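What the coordinates show
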Amino acid sequence: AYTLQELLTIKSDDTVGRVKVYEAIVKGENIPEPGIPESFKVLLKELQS
Amino acid sequence: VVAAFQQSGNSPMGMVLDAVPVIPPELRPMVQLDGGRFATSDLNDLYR
Amino acid sequence: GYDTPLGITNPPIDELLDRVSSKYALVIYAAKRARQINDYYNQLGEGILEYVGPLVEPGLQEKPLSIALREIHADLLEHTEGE
């Protein structure tokens, strides 16, 4: 499950997710949990239309 | 149909609109060609 | 009762299943401990020792998850089930 979550959210769409995970890897901090993928938010803001 | 309406807790008045919304500008990206022509999604055309 | 393996397959899988209820629980049961170990390493410079460091003495620059798996095989951790 978590692998699929990462592949779909944290390495393809989530901008802040990418920035935060890259910074955490650069440092010794644990990878923060992914966020809301851009695809879902776009789908929302489009279906609300 | 009527029982669905009643249970929804809403009113049928949602079937007559007075204010259509418009999606953000990026969703309908605007494109400039070599001559700057407007050839992006026609969503702009319909809103026009 | 078999030749000692080498690589990431040590300790074996069947031994661990004897402790954990199911293989699906074990992955989280070890990942959380690895997270705690990494947090302890992060605070090693200064802080509170609430996340007690590794129980089994680590090797030479071993990944925290390997430490967690190698200490779980030693039956040194206790956990609660779902909620």
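Per the deposition metadata, cryo-EM was the technique used to determine this entry, at a resolution of 4.36 Å.

Let's talk about the overall build of chain A
Along the backbone of chain A there are three helices and zero strands. Reading chain A from its N terminus to its C terminus gives the helix and strand order α-α-α. Burial status across chain A gives 14% buried among its 49 residues. A total of about 4000 Å² of accessible surface is found on chain A, and carbon and sulfur atoms cover 61% of it. The centroid of the 6 positive side-chain charges in chain A is displaced by 4 Å from the centroid of its 8 negative side-chain charges.

Observations regarding the packing of aromatic side chains
The description of an aromatic ring pair uses the distance of the two centres, along with the angle that the planes make with each other. Taken as a whole and assessed by the stated rule, the structure comprises one aromatic pair over all chains. Aromatic side chains C:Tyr40 and C:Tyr41 sit 5.6 Å apart centroid to centroid with 45 degrees between the ring planes, which places their arrangement in the tilted category. For C:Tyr41, a relative accessible area of 33% translates into the label partly exposed. Just above the ring of B:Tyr47 sits the side chain of B:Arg28; from NZ or CZ to the centre is 5.6 Å. The ring of C:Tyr24 has C:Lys23 sitting right over it, with the charged end atom 5.1 Å from the ring centre.

What about the arrangement of the chains?
By contact count, the dominant pairing among the two pairs of chains in contact is that of chains A and C. At the level of C-alpha atoms, the two units chain B and chain C stay apart, their nearest approach being 34 Å.

Considerations on the environment of C:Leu16
Residue and element names in this part refer to chain C. With respect to the helices, strands and loops of the structure, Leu16 is situated in helix 1 (residues 13-19). In sequence terms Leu16 and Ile72 are 56 residues apart; their C-alpha atoms lie 7.5 Å from each other. In this structure, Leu16 is in contact with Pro11, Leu26, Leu69 and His73, ignoring residues within four places of it in sequence.

Focus: the pattern of salt bridges
A side chain of one charge can pair with a side chain of the opposite charge when the charged atoms of the two come close. All names here are of chain C. Scanning the model with the defined rule gives three salt bridges over all chains in all. A salt bridge links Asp75 to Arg19; the shortest N-O distance between them is 2.6 Å. With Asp75 in the segment after helix 3 (64-72) and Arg19 in helix 1, this residue pair connects regions lying 56 residues apart in the sequence. Classification of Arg19 as partly exposed rests on a relative accessible area of 38%. The shortest N-O distance in the salt bridge between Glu71 and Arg33 comes to 2.8 Å. Here the residue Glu71 occupies a position in helix 3, and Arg33 occupies one in helix 2 (residues 23-42), the gap between them amounting to 38 residues.

Description of the side chain of A:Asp14
Residue and element names in this part refer to chain A. Inspection of the secondary structure puts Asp14 in the loop between helix 1 (2-10) and helix 2 (15-26). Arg18 provides the closest opposite charge to the buried, salt-bridge-free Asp14, at an N-O distance of 7.1 Å. Ignoring sequence-local partners within four residues, the contact set of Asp14 consists of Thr9, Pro34, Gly35 and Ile36.

As for the packing of helix 2 of chain C against helix 3 of chain C
Residue and element names in this part refer to chain C. In contact at an axis separation of 8 Å, helix 2 and helix 3 are set at 125 degrees when each is read in the N-to-C sense. By the angle between their axes, helix 2 is oblique relative to helix 3. Crossing of helix 2 over helix 3 shows right-handed handedness. Contacts between helix 2 and helix 3 involve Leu26, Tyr29, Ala30, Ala31, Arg33, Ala34, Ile37, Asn38 and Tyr41 from the first element and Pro64, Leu65, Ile67, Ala68, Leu69, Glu71 and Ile72 from the second.

Remarks on the side chain of B:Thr40
Here B:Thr40 shows up in the loop between helix 1 (2-8) and helix 2 (43-47). Here B:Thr40 is in contact with B:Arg28, B:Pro29, B:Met30 and B:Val31, once residues within four sequence places are set aside.

Calculation rules
Residues numbered from 1 in each chain as written, not as in the entry; some residues may be left out. Chains lettered and ligands numbered in written order. Part of a larger assembly, values for the part shown. Heavy atoms only, no water. Helix = DSSP H or I, 4+ residues; strand = E, 2+ residues; numbered from the N terminus. Buried < 20%, exposed > 50% of the residue type's maximum accessible area, 1.4 Å probe, protein only. Areas by Shrake-Rupley, 256 points an atom, 1.4 Å probe, with all protein chains shown as cover. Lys, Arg positive; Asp, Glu negative; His and termini not counted. Charge placed at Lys NZ, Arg CZ, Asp CG, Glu CD. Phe/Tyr/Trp six-rings, centres within 6.5 Å; stacked < 30°, edge-to-face > 60°. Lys NZ or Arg CZ within 6 Å of the ring centre and 35° of its normal. Contact = heavy atoms within 4.5 Å. Salt bridge = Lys/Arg side-chain N within 4 Å of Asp/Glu carboxyl O. Axes fitted to C-alpha atoms, helices over the stretch in contact; angles between N-to-C directions. Parallel < 35°, antiparallel > 145°, perpendicular 65-115°, else oblique. Left-handed = near helix turned anticlockwise from the far one by under 90°.

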